[PDB]
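Chain by chain, the residues:
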Amino acid sequence: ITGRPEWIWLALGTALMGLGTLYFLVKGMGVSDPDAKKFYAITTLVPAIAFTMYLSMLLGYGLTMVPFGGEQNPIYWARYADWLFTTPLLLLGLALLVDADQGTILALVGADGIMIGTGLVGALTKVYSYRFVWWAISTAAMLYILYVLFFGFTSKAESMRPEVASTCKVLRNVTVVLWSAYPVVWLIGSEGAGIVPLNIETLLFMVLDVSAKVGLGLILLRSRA
Amino acid sequence: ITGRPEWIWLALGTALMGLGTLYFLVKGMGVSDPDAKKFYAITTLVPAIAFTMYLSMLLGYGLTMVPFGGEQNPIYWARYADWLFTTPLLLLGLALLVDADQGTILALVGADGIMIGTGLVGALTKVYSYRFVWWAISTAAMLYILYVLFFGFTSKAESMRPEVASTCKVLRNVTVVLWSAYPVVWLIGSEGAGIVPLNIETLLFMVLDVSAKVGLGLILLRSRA
Amino acid sequence: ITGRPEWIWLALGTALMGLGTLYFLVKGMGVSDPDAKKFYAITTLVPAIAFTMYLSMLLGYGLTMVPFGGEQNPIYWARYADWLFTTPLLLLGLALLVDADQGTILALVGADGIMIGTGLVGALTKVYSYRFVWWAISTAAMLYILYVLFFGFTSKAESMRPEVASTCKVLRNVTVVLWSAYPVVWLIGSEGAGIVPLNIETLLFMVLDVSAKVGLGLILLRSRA
Ligand SMILES: *C/C=C(C)/C=C/C=C(C)/C=C/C1=C(C)CCCC1(C)C
Ligand SMILES: *C/C=C(C)/C=C/C=C(C)/C=C/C1=C(C)CCCC1(C)C
Ligand SMILES: *C/C=C(C)/C=C/C=C(C)/C=C/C1=C(C)CCCC1(C)C
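Residues numbered from 1 in each chain as written, not as in the entry; some residues may be left out. Chains lettered and ligands numbered in written order. Heavy atoms only, no water. Residues with missing side-chain atoms left out of burial classes, pairs and counts.

In terms of determination method and resolution, the entry is listed under electron crystallography at 3.2 Å.

Next up on the list: the interface of chain C and chain A. The extent of an interface is frequently quoted as the accessible surface area lost upon association of the parts. Taken together, the 18 residues of chain C in the interface contact 15 residues of chain A. Interface area, chain C with chain A, both sides summed: about 1300 Å², of which 83% is carbon and sulfur. Ranking the residues of chain C by area buried against chain A places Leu106(C), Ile114(C) and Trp134(C) at the top, with a combined share of 35%. At the junction of chain C and chain A, the tally comes to 1 salt bridge. As a salt-bridge pair, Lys37(A) and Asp101(C) come within 3.8 Å of each other at their nearest N and O atoms. Put simply, the parts of the chain that give the side of chain C that touches chain A at least two residues each are α4 (102-124) and α5 (128-149) of chain C. Take the side of chain C that touches chain A: its biggest share by element is 11 residues, from α4(C). Grouping the constituent residues of the side of chain C that touches chain A by class yields 11 nonpolar, 6 polar and 1 charged. (Contact = heavy atoms within 4.5 Å. Buried area = accessible area lost by both parts, 1.4 Å probe. Salt bridge = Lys/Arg side-chain N within 4 Å of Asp/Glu carboxyl O. Helix = DSSP H or I, 4+ residues; strand = E, 2+ residues; numbered from the N terminus. Nonpolar A, V, L, I, M, F, W, Y, C, P; charged D, E, K, R; others polar.)

Mapping chain C onto chain A leaves a residual RMSD of 0.0 Å; the transformation is a rotation of 120 degrees accompanied by 0.0 Å of translation along its axis. Such values leave the two copies arranged in the relation of a three-fold axis. Considering only C-alpha atoms, the part of chain C nearest the rotation axis is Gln102(C), at 8.9 Å. (Least-squares fit on C-alpha atoms.)

The partner chain A presents 18 residues to the 15 residues of chain B that form the contact. Buried area between chain B and chain A, summed over both chains or domains, comes out near 1300 Å², and the portion from carbon and sulfur atoms is 82%. At the surface where chain B touches chain A, the tally comes to 1 salt bridge. Applying the counting rule to chain B against chain A returns 0 residue pairs in polar contact. Per element, the largest residue contribution to the side of chain B that touches chain A is 12 residues, and it comes from helix α2 (residues 34-59) of chain B. Its residues placed into classes, the side of chain B that touches chain A shows 11 nonpolar, 2 polar and 2 charged. (Polar contact = N/O pair within 3.5 Å; in protein donor to acceptor, adjacent residues only side chain to side chain.)

What follows is about the site of ligand 3. All names here are of chain C. Of all residues adjacent to ligand 3, which total 13 residues, the nearest are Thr87, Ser138, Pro183, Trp186 and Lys213. Surface burial for ligand 3 is 100%, taken as the share of its 530 Å² of free accessible area covered by protein chains. Contributions of two or more residues to the shell around ligand 3 are made by α3 (77-97), α5 and α6 (164-188). Tallied by class, residues from the shell around ligand 3 come to 8 nonpolar, 4 polar and 1 charged. (Near = heavy atom within 4 Å. Areas by Shrake-Rupley, 256 points an atom, 1.4 Å probe, with all protein chains shown as cover.)

Moving on, we get to the site of ligand 2. Near ligand 2 there are 13 residues, and of these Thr87(B), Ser138(B), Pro183(B), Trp186(B) and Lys213(B) occur at the shortest range. Within the residue set of the shell around ligand 2, elements represented by two or more residues are α3 (77-97), α5 (128-149) and α6 (164-188) of chain B.

Our next topic: the packing of helix α1 (residues 7-25) of chain A against helix α2 (residues 34-59) of chain A. Between two packed helices, the angle of one axis relative to the other and the distance separating the axes together describe the packing. Residues and elements named next belong to chain A. Two elements in contact, α1 and α2, have axes whose closest approach is 8 Å; the angle formed by their N-to-C orientations is 155 degrees. Here α1 lies roughly antiparallel to α2, going by the angle between them. For the pair α1 and α2, the crossing hand works out as left-handed. Of the residues in α2, those in contact with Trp7, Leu10, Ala11, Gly13, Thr14, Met17, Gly18, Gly20, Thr21, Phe24 and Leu25 of α1 are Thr43, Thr44, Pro47, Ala48, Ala50, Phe51, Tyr54, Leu55, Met57 and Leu58. (Axes fitted to C-alpha atoms, helices over the stretch in contact; angles between N-to-C directions. Parallel < 35°, antiparallel > 145°, perpendicular 65-115°, else oblique. Left-handed = near helix turned anticlockwise from the far one by under 90°.)

Our next topic: the UniProt feature "transmembrane region" in chain A. This chain's UniProt record puts "transmembrane region" on residues 7-26, 41-59, 77-93, 105-124, 132-151, 170-188 and 201-220 of chain A. As annotated, residues 7-26 of chain A has a helix share of 95% and a strand share of 0%, and its two end C-alpha atoms lie 28 Å apart. (UniProt positions renumbered as here; feature names shortened; annotations may be inferred.)

This part takes up the pairing of strand β1 (residues 64-68) of chain B. Residues and elements named next belong to chain B. Across 5 bridges, the pairing between β1 and strand β2 (residues 71-75) is antiparallel. Across the sheet, the residue bridging to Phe68 is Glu71, located in β2. If you look at the hairpin formed by β1 and β2, you'll find 2 residues sitting between the two strands, and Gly69 has a positive phi there, around 90 degrees. (Pairing = 2+ DSSP bridges.)

Turning our eyes to something else, we now look at a nonpolar patch on the surface. A contiguous nonpolar surface patch, about 520 Å² in accessible area, is contributed by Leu22(A), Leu25(A), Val26(A), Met29(A) and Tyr144(C). Relative to the elements of secondary structure, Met29(A) occurs in the loop between α1 and α2. (Patch = residues over 30% accessible without salt bridge, like charges linked within 9 Å, V, L, I, M, F, W, Y side chains within 5 Å.)

So, about the environment of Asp112(C). Residues and elements named next belong to chain C. Within the element layout of this structure, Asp112 appears in helix α4. By relative accessible area, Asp112 is classed as buried at 0%. Distance in space between the C-alpha atoms of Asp112 and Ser138 is 8.8 Å, their sequence separation being 26 residues. In this view, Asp112 contacts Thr87, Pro88, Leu91 and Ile145; residues no more than four positions away in its chain are not counted. (Buried < 20%, exposed > 50% of the residue type's maximum accessible area, 1.4 Å probe, protein only.)

Okay, structure coming up:
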């Protein structure tokens, strides 16, 4: 039921992240414009990082227990480490894409940081009632992140090239929905409520990752710079 | 006596940090000069960060036990996390204020890092005698920080505008004293000696925070840039 | 046998790092060119950081136990913290030396990060078989680091000054060998296999550190900039 029934979704997850990394490694070896290089650096780190964090969830070093609700619950603090580094790089990705000010960057990054850090604390709190208090705060940092993301990576992501507002209206819809999913998924699943089995939650989070991870990598890279 | 008698000073602390954040959020929404924006980004992160870290001290996730001296002691490792991120942002604040070299910045930041990191280790060591060895080292990193702060955020904080040396002679006296307080307070209180009840120590650290946090935020922001 | 027979190599290690820091502190106090300052900032942080991490290994706060193989093993997670910060600064050192692109930097840094972070996880895994899986991955991140280091801090470290390719052909051979040693040493010693006593491993790692730490500091600094 825990650290058992889902290794399949976790094993498949490692496979995907890793071939995903292998892919970006043997498809970025060239690169000319220092700029483009930066974008490739980023798109590789994410998969590689998310790669190892998923291998620790598979092997079991990144799965702990947490007393809450009345019994012992499985919490993959390994996930939290994953996003704890991916989300900011990825965020730096989008930012540098529509070239933003170091002010909205430091804002965003650190903001994202209160989001994930706070979320992690939530995920480890032992008294039920509280888990959701943190769920709420982390959310707020994410609704703020996303806010800047939307109203911004639209406007400040328009006054430029021809396709700018186009490709951009894509990336947004996709990042916005994609992201707001983690908040929900978390909530309904094991690490929060108990409306979704850990068995399903993982599969959900995995589709969730692989997409955000590579998916967003590709789409992102495809947006020239 | 522990994680009990002081919730009042901790509850009041959360209130203050948070309304403090709410304040900077709904008073920075405008901003023009990318520069000014950076300063607002910073002044908000601090309260927000210090906000959540104080809510974890309130709720109890950020309060642990440490065997030293002969009995079990309460240590809010949550404080250490707080300053572990605030102090460097805040430091980046002052630095960018009198526009310094990336050399004195990386120096300062990392220096501050040996200060807090080392301090944290101190706060968690179990053998009495040692606690103070770390107290000493962390201090040294802080006397070095402050050193650059004083002899610098005076000189290198003078050859510019008219009020420069003025406002600046303010900020200094205030940061210097304010800071050197944490070293002392720590020392006389529970997490170190036993000359001050945890009951009082908290109130002291709280006045201490709220001031450093917002106080320094305002004063800081008020210094144009 | 553990946290006992080697304090000598650890005590000598603290001495060396610290006088090493004292040295860079009272030999960098001047400095003119903001640039040179940055290089001095870096060379000091390393010793100072590595200083405190070695004092925690000496005093015993940075030495833990890990069930693997069949019995309890001593693991100085304190080492891992050490390199966890040194290696990236040091890396930033070499990078800025042959002035590289922010792309190869972010790449390198983060890469180094998967190396050390991953290594650390290895060092703490309880099931024998696995330890070496992580040993393998961390290695891969290091063979990639070093790769860029060699084929790069040669070419991209040539088309410049007269001595460039010279001094540079030095620094390389020295960093390359020096580094690849930590991977091997780790492997044959206590924290991995059992072909080397913890008694010897420490002495090895210490010579290893002091050299990388100061040695590389000097050599590095001596390369003007
Ligand atoms: C590669 C991973 C990505 C892009 C992850 C994004 C994750 C989030 C936006 C997570 C958000 C969460 C909350 C808003 C509430 C608490 C639970 C979290 C951490 C899943
Ligand atoms: C918002 C928080 C701020 C500005 C905190 C500043 C804190 C310090 C300068 C703390 C210094 C300490 C020492 C010098 C010795 C060990 C105890 C500490 C960590 C309280
Ligand atoms: C001052 C310390 C320095 C320059 C340390 C460098 C360390 C490494 C390159 C360590 C590498 C390791 C592996 C490749 C495999 C796992 C064991 C490690 C962490 C020792």
